[PDB]
C-alpha cells in the first residue's frame, strides 16, 4: 500500500530511478502517464494515468479466495508543483477525477502524490489535477523542461514490511526429500501441509496457505528450495516517465 511506502522510505524514488513499490510488488506490468507537453505558470493541467490489466482474471485475496484487484500509485512531480485545490478545478474535470482523494507523500513533499488502494474496476484509469508553480514567486522553480516520474500498481504485494511473504507467491521446499504426505487443511482454514521425509528420516512439514495451487504430489522427491506451487500473482507494478515544459509568459 502507498502507506507502506510512506512509512518506510523518506523518498519513494531511488538514485537509479527505481520506485520503492518495486521492493514488494515484484512482478512488472506496464503503465502509462500523460501530461501536456507544456503549461503556463499557476495553471491547472491534467495527468492521465493508465494501469492496464485483464479484469476477467482474478487475484488471490488475503483470505485465500479469488477476487478483484485494487490499484494505487505515486506521482513524483517537480519541486513546486502541487495537487490542484478543489476551487481551481473545473467541474468537467472534477467529474473526470471521480471520488479519488490524492494525497501528498508527506506534508513536506506536496509535489509527490499518492492514491489507493482503490478498486481497479473503476480506476484502471485515473485523472490527476495539478497546479503548476510560478517561478515569478517561487525561487525554487524555473522555466525549464521538468521530468515527471510515475509508479502504478495492481494487486496484492508479495512481501510485508516485516519481511514475511504473503499468500500471493511461490512457496518452496524447506528441505530436500520425498513427499510422504499432503494433507488439506480444514475447509475454512484452507491450504495444505506437505510432509517431507529427509534423507535422515526426519520429517519436516511445510505449511502452505490457501491461494497458490500445488504442483507436486505424494511420492515425488524434491530438492531444497524447489517450488512446491505455481506463481499465483496476477498483478504487477510499472513505472513510466514523461516531462513537461513550464512556459514563461511574455507581456
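Residue numbers count along the first chain shown, from 1.
Mean C-alpha B-factor is higher over 48-56 than over the other stretch, the pair under comparison being 24-32 and 48-56. Relative to one another, 143-151 and 158-166 have unequal mean CA B-factors, and 158-166 is the one with the higher figure.
When the C-alpha B-factors of 37, 221, 226, 43 are ranked from the entry, the top spot goes to 43.
Sort the chain's modelled residues by C-alpha temperature factor and residue 199 lands in the highest third, per the entry. In the PDB entry, residue 138 places in the highest third of its chain by CA B-factor. Residue-level temperature factors show residue 101 in the highest third of its chain, judged at the C-alpha atom. Residue-level temperature factors show residue 180 in the middle third of its chain, judged at the C-alpha atom. Annotation for residue 119: C-alpha temperature factor in the middle third relative to the rest of the modelled chain, per the entry.
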